[PDB]
Ligand SMILES: Cc1cc2nc3c(=O)[nH]c(=O)nc-3n(C[C@H](O)[C@H](O)[C@H](O)COP(=O)(O)O)c2cc1C
């Protein structure tokens, strides 16, 4: 915790920049990457499962926004995530929202927030990279392109990164781009989603926001099954400021808070979505996952996969592994043989 004590004082973005640099250098030396693997490598083989036609050695993965440009792909294997998702990328390179774009909320252990180098820089990294783990791609609309031209942006990006990806995630959820959450409306989403599905064979997913009405989510789920999409990703950062326990929230201004406050919504969303389109499509639960018992409530609610961002900043290097072994324990304690078996156990027994 002393490193965190040293690290929390410097601005969160600048601290991330340094942490980012350090992990990029660890991927440079192959043996130390192997050695960090050789320090916490045994992943219980039961945890491995195959979802939407791609298999995953473990269910826990890194949520988009950490490596947006795909510079430290190799580093993440040693950290012990099952799968990786490169941060949200827009076809044409976009400067992110100007500073200060990131704030800390210590007491709730939450943070508030599409800077990217484009599909070009990513494809170059994907043209000379040996994937230790399955890597995913999160696609987004460039801020400059209007709503009419947006469908072409989402399409144009999909072809560039599509073949070199394990799965595609469509980001219509993150609040930090104006008039993007509105695209989540079904009639606008169908042109976007249908176009991407045709352009690449790799499975495609859509990322929903947690601040949407219950009726809306049931309509978006009906779109996905028709479009035969792989999965639904729930949830992105929420705009609501309710429940926070770190002072001076009001001033900080626009953004999406992420972490433990979001958890209660992400579970509810996961509960609803799994009952409706559980069998037809996969579900990945993201947002506010920090402990093994928290992750266990997600897996038993039908989350085939789990990604999280906030946990890593506060948890540390062990955090990835302790979740896995914690889940692995529950699987042995439940008499389960693999991961798919335990998925949706809390729901089926109902
Ligand atoms: C500070 C921050 C910024 C993020 N930015 C993005 C983003 O721009 N695009 C995206 O697709 N996901 C982004 N994410 C990931 C999502 O927030 C994540 O899927 C989820 O909503 C929150 O995960 P967590 O609560 O486990 O940290 C970001 C996460 C954090 C913490």
From the square roots a ≥ b ≥ c of the eigenvalues of the alpha-carbon gyration tensor of the range 130-267, which class results: rounded (a/c under 1.5), prolate (a/b over b/c), or oblate?
prolate
Going by the alpha-carbon gyration tensor, a ≥ b ≥ c the square roots of its eigenvalues, is the range 210-350 rounded (a/c under 1.5) or, if a/c is not under 1.5, prolate (a/b greater than b/c) versus oblate?
oblate
Given the C-alpha centroids of the range 192-207 and the range 31-99, what is the distance between them in whole angstrom?
21
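Order 317-326, 202-211 from most to least packed using the mean count of other Cβ atoms within 10 Å.
Going by the mean number of other Cβ atoms within 10 Å, highest first, we get 202-211, 317-326.
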Using only the Cα atoms of the range 261-339, build the gyration tensor, take square roots of its eigenvalues as a ≥ b ≥ c, and label the shape rounded, prolate or oblate: rounded if a/c is under 1.5, else prolate if a/b is larger than b/c, else oblate.
oblate
Quickly estimate the mean residue ellipticity at 222 nm for the chain, helices only: each DSSP H run with n ≥ 4 gives -39500 (n - 2.57), and the total goes over all residues, rounded to 500.
-12500 deg cm²/dmol
Using only Cα positions of the chain, each an equal point scatterer, no hydration layer, compute I(q)/I(0) via Debye at q = 0.10, 0.14, 0.15 Å⁻¹ and quote the log10 values to two decimals.
-0.56, -1.20, -1.41
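We did not get these values from a lab; they are worked out from the coordinates using the rules stated. We place every Cβ from the backbone using ideal geometry, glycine too, and count neighbours over all the protein chains shown.
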